[PDB]
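Visitor:
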Amino acid sequence: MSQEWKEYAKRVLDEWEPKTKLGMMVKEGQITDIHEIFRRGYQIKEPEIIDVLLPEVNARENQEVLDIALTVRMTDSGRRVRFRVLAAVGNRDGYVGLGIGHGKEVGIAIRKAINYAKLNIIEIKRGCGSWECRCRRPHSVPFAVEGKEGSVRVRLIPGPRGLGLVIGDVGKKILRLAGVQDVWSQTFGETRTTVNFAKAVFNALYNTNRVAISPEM
Amino acid sequence: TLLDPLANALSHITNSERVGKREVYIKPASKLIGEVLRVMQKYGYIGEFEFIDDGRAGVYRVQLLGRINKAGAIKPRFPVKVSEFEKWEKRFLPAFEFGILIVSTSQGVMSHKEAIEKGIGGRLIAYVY
Amino acid sequence: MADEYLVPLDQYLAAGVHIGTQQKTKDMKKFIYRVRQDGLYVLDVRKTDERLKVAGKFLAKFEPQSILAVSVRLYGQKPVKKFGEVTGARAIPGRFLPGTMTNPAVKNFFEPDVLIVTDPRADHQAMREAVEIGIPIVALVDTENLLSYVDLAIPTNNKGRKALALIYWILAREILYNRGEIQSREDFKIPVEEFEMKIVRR
Amino acid sequence: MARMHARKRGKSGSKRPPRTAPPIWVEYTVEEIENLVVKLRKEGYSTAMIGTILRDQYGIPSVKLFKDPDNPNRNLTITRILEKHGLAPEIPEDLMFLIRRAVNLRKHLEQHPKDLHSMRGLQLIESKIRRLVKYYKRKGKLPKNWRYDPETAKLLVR
Amino acid sequence: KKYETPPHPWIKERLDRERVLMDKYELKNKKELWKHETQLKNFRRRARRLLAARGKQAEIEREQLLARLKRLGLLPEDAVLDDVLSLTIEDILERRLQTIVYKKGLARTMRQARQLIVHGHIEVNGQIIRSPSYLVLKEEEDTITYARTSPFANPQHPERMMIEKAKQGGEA
RNA sequence: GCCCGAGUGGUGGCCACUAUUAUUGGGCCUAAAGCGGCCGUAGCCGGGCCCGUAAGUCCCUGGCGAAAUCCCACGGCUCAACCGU
RNA sequence: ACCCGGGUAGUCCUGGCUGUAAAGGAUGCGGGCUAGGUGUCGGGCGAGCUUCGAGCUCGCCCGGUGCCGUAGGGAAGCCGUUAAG
């Protein structure tokens, strides 16, 4: 797909008007490095900042919706139903944002969520090293980590090459969107609650970088 | 009373760590802890310590770099063969890299990795990673 | 930083900067000079000279003008207003008009580079949004006020007008020294009185 | 530090001098110290109070530090000064004071029996004795043939 | 035994893979697919467990499992127990008799091939065979042919015509 | 139309799922669940420092835990199951 | 029956038995570690005041008894140096 890449980013860069200083420097082409937004902890306030980094072509921002829920609030002579939805933005290339959103209509929420998710993007650091030898690519996570969300306890474990994403489907969707090829998954405590389990996996893949190791040194 | 004085050292040391104080004070002190901090320093996990032996007790003031994540004693302190090491390897430690499952041994005291290079084993004492 | 001469030592001491009120807490204990025989705490006057210097530096640095001095105090809003006139940026509200930082749909929307708070206890909202945006935070802190989230300090009195005057004055001087217009070693072109407040009609 | 035993209340934090060798601005010979001790045990005072009066009057905080080394097998201190002379009670003072007190209780209860609380400390003091007995047997200040009882407490005191 | 079926058999993502695979290699039943998955699983499982253990344990165990994979041909000239785990259910399926018959150009297409070996229209070594599973070694590839056959005893069997119109081998 | 395929399904039993038996790897304010409180016997568990033994403990050697089944190789039966080395 | 007017056992004392509770803080006990603030009770200490008595107050410390709250835990309420960390 090649050059059509920047063309979506530049088409967004036709009418995108920066609210922030962050949205401005990105819209100027400065610090053209998502990673160089993360390290610094500069606030992802604009959705488009990201649309600037992820073109049509290379990483392929895999937008995906997990669960759509229908909830109610009882009101005077009324039930006011709405919808909550969980969406996953991610590149197989080692970024991910988990989003949930709530709305009266369905379509909107999808949209809301898709946006919500952008803000909460995260690097997952993968295992260069692997498990055994750093033969080529980061197949796994570096270290086993666990997630914590309400009742849910997810362990990610390093792995053999080819032994790929051995988790429940819900997480399996999120992980694939991360870019972990291979990972043992040890769950504990009710997953039925999708939103959390997901929040678990996300938190988990989040905590990757939060681990402080020796090879960093 | 106390028992496992080591452990009550270690556990401070970690809860100490998790806060992110600067240095530690451990009121009860010993060989076990002394030796273990020695081996710990040898791997590098910690900075420098001084113990002052008061007529009461040894006390260790320990310097905290930031390295340590988690370092804990073993409860019944199980005996572990050098073949069973790998099992106890996968369980307690976070991955193949770290290797201070500190055991006590015929040679002296060692980490896990310093134990394996010699080739000798025994009852577990504590962990560090 | 530099030794306490006069202007510096006669100025703080003549202005009631020293006189702090009730409560001490464990973190603040370091700036606290002495105990009176009553619960009224006295702040170290050296530390105020020291922590005002680096505060000319720290705010001469962020030279673009989106420094925001807010105040919940009735006393303080006048020194602040005058302070902002000199410098070149200020957010005025009695509150923060929350969504100053976090929201850009708000018709009053700024994007600061630094903040000055007057009372960490009243301006907690301005702090609340100072943790999210990612803004470093310099202030005036009392024997009663913590330093949680408060990363750089200027331990001074803020409960009274003379003081509330002196500080936003000497500071307006210091940052103009560093950036290079009027010095903190020359006597300031603006008088202290405007920053000083008075009640004729309410 | 504490032990809330038959209590919830944290124990006193009284703490020793961290001196490990003794003051020399204070001055006594191995011979002079020994006299002071023997004089006080002759009064009817007991070793804790003997160490107390020596502290308050002669300015020696603990005997061990001052004395040893003069036969460095171990620290030389009050009752180890006494035993070499034969002035030591064959019952350890610990165990003695305990039992001593105990016999006084019983007499109260004798006349007054409607006493919960007073009854309940009889139970609380015996059971410290029991322990203090139990281990001594094995250490050897009290023969293994002994066993504790309230008639064998009224015989040791008289 | 000699099969596997994952915890949940009707799952869509598992089933999709197969049906696409099912036409691709032209299996007769799913069991066949399974054979190779389950065979693949064992090599992986063992390769992995060996690499893991203390390096002093008679290395013969490793050698042995690298020897067979070389001989069979899945592994070419790579030296790590980690490449083994880098196989997939497609690679095994490339190694079959059926696949290898179409490849060389002994058959027009894999569906045709299913006919040939059954009626004994493919010889291997000196033997005929009936089982299209048959694991074909690398050394064994060079010895597939005709001799006492309906495809090649003459030059006017239409069979020869059917194979010639295509002339395309490759992954099945 | 989907699955599987000479099988496929029903009832029953066992194991998994069930960290719903917790060693690995569970809880116990209000969800089940703290004894109304204490004492101490049996038990388990134990501050520091030096020396002996080496009972546990680790290391090495040596006697030995039949064949079969299992796992790996090679070889045999068209293939594999199965068998042989 | 709630409401009202009479009324026995009991309620009190002595000796004995009986042994139950939303017998709660619905939170077993012991040790170590882990921001703080404030009020309060008792003990210590350095001062000022004094009626010359710690009588009135300031602060550090030790033991106890409440409330508020950081990090963390919790399903949430809440808990949070008197832990449910």
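Residue numbers (the deposited numbering), protein chains in the order written: chain F, 1 to 217; chain I, 2 to 130; chain B, 1 to 202; chain Q, 1 to 158; chain D, 9 to 180.
All residues carry an ideal CB built from backbone N, CA and C; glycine is no exception.
1) Per DSSP, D54(I) is paired with what?
2) Below 7 Å on C-beta distance, what does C135(F) contact in chain D?
3) Strictly by DSSP, which residues pair up with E56(F)?
4) In whole angstroms, what is the alpha-carbon distance linking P138(F) and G129(F)?
5) Going along chain I, which residues have a C-beta under 8 Å from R56(D)?
6) On the three-pair Cβ rule with 8 Å, is the stretch 90 to 108 of chain F touching the stretch 166 to 181 of chain F?
7) Checking contacts by CB at 8 Å: is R57(I) closer than that to chain Q?
8) What are the boundary residues of the beta strand (DSSP E) that includes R153(F)?
9) Could you tell me how far apart the beta carbons of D182(F) and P160(F) are, in whole angstroms, since I believe they sit closer than 8 Å?
10) Going by Cα to Cα distance, which pick from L124(D), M169(D), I97(D) is closest to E40(D)?
11) Please tell me whether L147(B) and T118(B) are closer than 8 Å, where the distance is taken between their beta carbons.
12) Give me, in chain order, the residues of the same chain whose beta-carbon lies closer than 7 Å to that of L53(F); leave out the 5 immediate sequence neighbours on both sides.
13) Do you know how far the Cα of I32(B) is from the Cα of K19(F)?
14) Okay, do the stretch 11 to 19 of chain Q and the stretch 44 to 63 of chain I touch, 3+ Cβ pairs below 8 Å being the bar?
15) Less than 6 Å between C-beta atoms, sequence neighbours within five positions excluded: which residues of the same chain meet that for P140(D)?
16) Closer than 7 Å, Cβ to any Cβ of chain D: which residues of the stretch 61 to 90 of chain F, in chain order?
17) By Cβ distance, which residues of its chain are closer than 7 Å to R130(Q), with the 5 residues on each side in sequence left out?
18) Looking at C-alpha atoms only, which residue of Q186(F), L70(F), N196(F) is the closest neighbour of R80(F)?
19) Under three-state DSSP, which class holds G160(B)?
20) What ranges does the alpha helix (DSSP H) occupy inside the stretch 19 to 91 of chain D, keeping only unbroken runs of at least 4 residues that lie completely in it?
21) Reducing DSSP to helix, strand and coil, say where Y26(I) ends up.
22) Given this structure, state the Cα-to-Cα distance separating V154(F) from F188(F), to the nearest angstrom.
23) Just how far apart, CA to CA, sit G39(B) and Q22(B)?
24) Going along the chain, which residues of its own chain have a beta-carbon closer than 6 Å to the beta-carbon of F143(F), five neighbours each way excluded?
25) According to DSSP, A153(B) sits in a beta bridge with which residue or residues?
26) Hey, how far is the Cα of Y206(F) from the Cα of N115(F)?
27) Taking the alpha-carbon positions, what's the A2(Q) to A130(B) distance?
28) Exposed or buried, which one is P14(D) when buried takes at least 16 other CB atoms within 10 Å?
29) Is it true that the stretch 21 to 30 of chain I meets the stretch 80 to 96 of chain I, where meeting means three or more beta-carbon pairs spaced less than 8 Å apart?
30) Are the Cβ atoms of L93(D) and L163(F) separated by less than 8 Å?
31) Using only CA atoms, which one of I170(B), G160(B), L59(B) lies nearest to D113(B)?
32) Taking C-alpha atoms, which residue in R120(Q), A6(Q), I53(Q) lies nearest to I78(Q)?
33) Alpha carbons only, please: which of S140(F), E46(F), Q30(F) is nearest the one belonging to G23(F)?
34) State the Cα-Cα distance for the pair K27(F) and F99(I), rounded to the nearest angstrom.
35) Is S94(D) close to chain F, meaning its C-beta is less than 8 Å from at least one C-beta of that chain?
36) At the 8 Å Cβ level, is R16(Q) part of the contact set with chain I, yes or no?
Guide: In brief:
1) The residue you call residue 54(I) lines up with position 53 of the second sequence. Looking at the DSSP assignment, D54(I) forms a beta bridge with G59(I).
2) As a position in the first sequence, residue 135(F) is number 135, starting the count at 1. The answer, in chain order, is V88, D90.
3) What you label residue 56(F) is simply residue 56 of the first sequence in a count that begins at 1. Paired residues: none, contrary to the question.
4) The residue you call residue 138(F) lines up with position 138 of the first sequence. The residue you call residue 129(F) lines up with position 129 of the first sequence. Using only the alpha carbons, I get a separation of about 7 Å.
5) Locating residue 56(D) in the fifth sequence gives position 48, counting from the first residue. Listed by position along chain I, the residues whose Cβ is nearer than 8 Å to that of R56(D) form an empty set, because the closest Cβ is around 13 Å away.
6) yes
7) Numbered from its first residue, the second sequence carries residue 57(I) at position 56. At least one chain Q Cβ lies under 8 Å of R57(I).
8) As a working mapping, residue 153(F) is identified with position 153 in the first sequence. 152 to 157 is the extent of the beta strand (DSSP E) around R153(F).
9) Reading the first sequence from its first residue, position 182 is the one you call residue 182(F). Reading the first sequence from its first residue, position 160 is the one you call residue 160(F). Confirmed, about 6 Å.
10) In the fifth sequence, counting from the first residue as 1, residue 40(D) sits at position 32. Closest option to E40(D), judged by alpha-carbon separation, among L124(D), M169(D), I97(D): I97(D).
11) Start at 1 with the first residue of the third sequence, and residue 147(B) comes out as number 147. Start at 1 with the first residue of the third sequence, and residue 118(B) comes out as number 118. No, the Cβ-Cβ distance between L147(B) and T118(B) is not below 8 Å.
12) Along the first sequence, read from residue 1 onward, the residue named residue 53(F) stands at position 53. Cβ within range, chain order: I34.
13) The residue labelled residue 19(F) in the question sits at position 19 within the first sequence. The residue labelled residue 32(B) in the question sits at position 32 within the third sequence. Distance between the alpha carbons of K19(F) and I32(B) is about 43 Å.
14) yes
15) Against the fifth sequence, residue 140(D) aligns to sequence position 132. Around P140(D): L105, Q106, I125.
16) Against chain D - using a Cβ distance shorter than 7 Å - the stretch 61 to 90 of chain F contributes no residues.
17) Indexing the fourth sequence from 1 puts residue 130(Q) at position 130. Here the set comprises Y148.
18) Position 80 of the first sequence holds residue 80(F). The shortest Cα separation from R80(F) among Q186(F), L70(F), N196(F) belongs to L70(F).
19) Position 160 of the third sequence, counted from the start, is the residue given in the question as residue 160(B). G160(B): coil per DSSP, three-state reduction.
20) Taken in chain order, the complete alpha helix (DSSP H) segments of 4 or more residues contained in the stretch 19 to 91 of chain D are 20 to 33, 38 to 60, 68 to 80.
21) Within the second sequence, the letter at position 25 stands for residue 26(I). DSSP places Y26(I) in strand when its eight states are reduced to three.
22) As a working mapping, residue 154(F) is identified with position 154 in the first sequence. As a working mapping, residue 188(F) is identified with position 188 in the first sequence. Their Cα atoms are separated by approximately 6 Å.
23) The residue labelled residue 39(B) in the question sits at position 39 within the third sequence. The residue labelled residue 22(B) in the question sits at position 22 within the third sequence. Answer to the nearest angstrom: the Cα atoms are 6 Å apart.
24) Locating residue 143(F) in the first sequence gives position 143, counting from the first residue. The answer, listed in chain order, is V211.
25) As a first step, residue 153(B) must be located in the third sequence, where it is residue number 153. The partner list for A153(B) (beta bridge, DSSP) is empty, contrary to what the question assumes.
26) Position 206 of the first sequence holds residue 206(F). Position 115 of the first sequence holds residue 115(F). Going by the C-alpha atoms only, they are around 19 Å apart.
27) Taking the first residue of the fourth sequence as position 1, residue 2(Q) is located at position 2. Taking the first residue of the third sequence as position 1, residue 130(B) is located at position 130. Distance between the alpha carbons of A2(Q) and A130(B) is about 45 Å.
28) For the purposes of this step, residue 14(D) is taken as the residue at position 6 of the fifth sequence. With fewer than 16 other Cβ atoms within 10 Å, it is exposed.
29) no
30) The residue given as residue 93(D) occupies position 85 in the fifth sequence. The residue given as residue 163(F) occupies position 163 in the first sequence. Yes, the pair counts as a contact, with Cβ atoms nearer than the cut-off.
31) Here residue 113(B) is taken as the residue at index 113 of the third sequence, counted from 1. Comparing Cα-Cα distances from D113(B) to each of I170(B), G160(B), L59(B), the minimum goes to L59(B).
32) As a first step, residue 78(Q) must be located in the fourth sequence, where it is residue number 78. Minimum Cα distance to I78(Q) is reached at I53(Q).
33) Numbered from its first residue, the first sequence carries residue 23(F) at position 23. Nearest C-alpha to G23(F): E46(F).
34) Stepping through the first sequence from its first residue, residue 27(F) is reached at position 27. Stepping through the second sequence from its first residue, residue 99(I) is reached at position 98. Their Cα atoms are separated by approximately 43 Å.
35) Mapped onto the fifth sequence, residue 94(D) falls at position 86. Yes, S94(D) lies at the interface with chain F (some Cβ there is under 8 Å from its Cβ).
36) Reading the fourth sequence from its first residue, position 16 is the one you call residue 16(Q). Judged by the 8 Å Cβ criterion, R16(Q) is in contact with chain I.
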